[PDB]
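Protein chains in written order, with our numbering: chain A, 581 to 679; chain B, 581 to 679.
Let me begin by presenting the structure, written as structure tokens, before commenting on it.
Protein chains: 2
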Amino acid sequence: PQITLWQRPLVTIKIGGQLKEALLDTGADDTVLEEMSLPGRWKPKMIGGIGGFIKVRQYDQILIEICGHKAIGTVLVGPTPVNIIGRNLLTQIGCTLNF
Amino acid sequence: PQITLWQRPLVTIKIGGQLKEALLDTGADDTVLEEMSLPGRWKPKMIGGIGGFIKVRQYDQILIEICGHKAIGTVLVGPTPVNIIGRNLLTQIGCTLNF
Ligand SMILES: CC(C)(C)NC(=O)[C@@H]1CN(Cc2cc3ccccc3o2)CCN1C[C@@H](O)C[C@@H](Cc1ccccc1)C(=O)N[C@H]1c2ccccc2C[C@H]1O
Numbered sequence: 581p582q583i584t585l586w587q588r589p590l591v592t593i594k595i596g597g598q599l600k601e602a603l604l605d606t607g608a609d610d611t612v613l614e615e616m617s618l619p620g621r622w623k624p625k626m627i628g629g630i631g632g633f634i635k636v637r638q639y640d641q642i643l644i645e646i647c648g649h650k651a652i653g654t655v656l657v658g659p660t661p662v663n664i665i666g667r668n669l670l671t672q673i674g675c676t677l678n679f
Numbered sequence: 581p582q583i584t585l586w587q588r589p590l591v592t593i594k595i596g597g598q599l600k601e602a603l604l605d606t607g608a609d610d611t612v613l614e615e616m617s618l619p620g621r622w623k624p625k626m627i628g629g630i631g632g633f634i635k636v637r638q639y640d641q642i643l644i645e646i647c648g649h650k651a652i653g654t655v656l657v658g659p660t661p662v663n664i665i666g667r668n669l670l671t672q673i674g675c676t677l678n679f
């Protein structure tokens, strides 16, 4: 689909049975989800944004279906006010930026 | 152009006679440039993200070219590492997310 940017680019994602809403963010290198439980072992990582750094748990090779399209990648889970679908999974569903 | 997302989407912007590099960011409501000086008066603006909120100087009706496409609008200035072009100026140059 072609998404305009007048409102925040939110889409529905299916992740671990849960359907959550999320933001298609071209400014984000990583994908960051709000506090939830994912199976598997995790690493800790520190990632920084607009305020400063937060601590997240890094889960690798996790499956998200972003807007009807499946994608596999690294998902960081922790204290974000919104779920961010970053560039590592956007490439996978074939997302581009056009003008 | 048709910009894909394997690398960070940086572009040359030109503001105040000088060329700078900025990230194209669909998850950023507003444009925020690095600490520079701009004409006229500013107002206070609190922006939040990952890691909380920060305070930036709001300037209005500032001309900025992104890829030789001119935009006149609101640019916030504050303590950021990378200049960010947010939705407010990406809708002006007619930018969409496609997939
Ligand atoms: C992997 C992740 C997500 C940690 N990356 C980022 O946060 C990067 C950081 N860089 C590197 C970065 C470090 C840094 C340090 C100080 C200050 C800025 C900084 O940018 C700058 C660009 N951001 C990406 C942003 O697009 C993220 C976005 C997330 C969001 C969206 C909506 C609500 C809350 C959080 C974001 O922070 N956008 C905010 C946003 C951004 C610009 C203008 C207004 C606003 C409001 C809101 O849209």
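For every residue, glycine included, the Cβ atom is placed at its ideal position computed from N, Cα and C.
* Per DSSP, the bridge partner or partners of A608 (chain A) -> According to DSSP, which records beta bridges pairwise, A608 (chain A) is partnered with nothing at all.
* Who are the neighbours of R667 (chain A) on chain B, taking C-beta pairs under 7 Å? -> The contacting residues are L585.
* Local Cβ density within 10 Å of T584 (chain A), reported as buried at 16 or more and exposed below that -> exposed
* To do: Only counting runs of 4 or more residues, tell me where the alpha helix (DSSP H) segments fall wholly within the region 597-674 of chain B, in order along the chain.
  => 667-670
* To do: Pair every Cβ in the region 650-663 of chain A with every Cβ in the region 605-619 of chain A, then say whether three or more of these pairs are closer than 8 Å.
  => yes
* State yes or no: is the C-beta of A608 (chain A) nearer than 7 Å to some heavy atom of ligand 1? => yes
* Beta-carbon of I673 (chain B) versus every beta-carbon of chain A: anything under 8 Å? -> yes
* To do: Please check the pair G631 (chain B) and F633 (chain A), which I expect to be a contact at CB under 8 Å, by giving their CB distance rounded to whole angstroms.
  => 6 Å
* Is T671 (chain B) near ligand 1, in the sense that its beta carbon is under 7 Å from a heavy atom of that ligand? -> no
* To do: Identify, in the order they occur along the chain, each residue of the same chain with its Cβ nearer than 8 Å to the Cβ of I627 (chain A), setting aside the five sequence neighbours on each side.
  => Taken in chain order, the residues that qualify are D610, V612, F633, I634, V636 and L656.
* Asked: So does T660 (chain B) have its beta carbon nearer than 7 Å to some heavy atom of ligand 1?
  -> yes
* Close beta carbons around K594 (chain A), own chain, < 6 Å, minus the five adjacent residues each side -> Correct list, in chain order: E645.
* Starting from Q582 (chain A), follow its DSSP beta bridges and name the residues at the other end. => B:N678
* For ligand 1, any of its heavy atoms closer than 7 Å to the Cβ of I665 (chain A)? -> no
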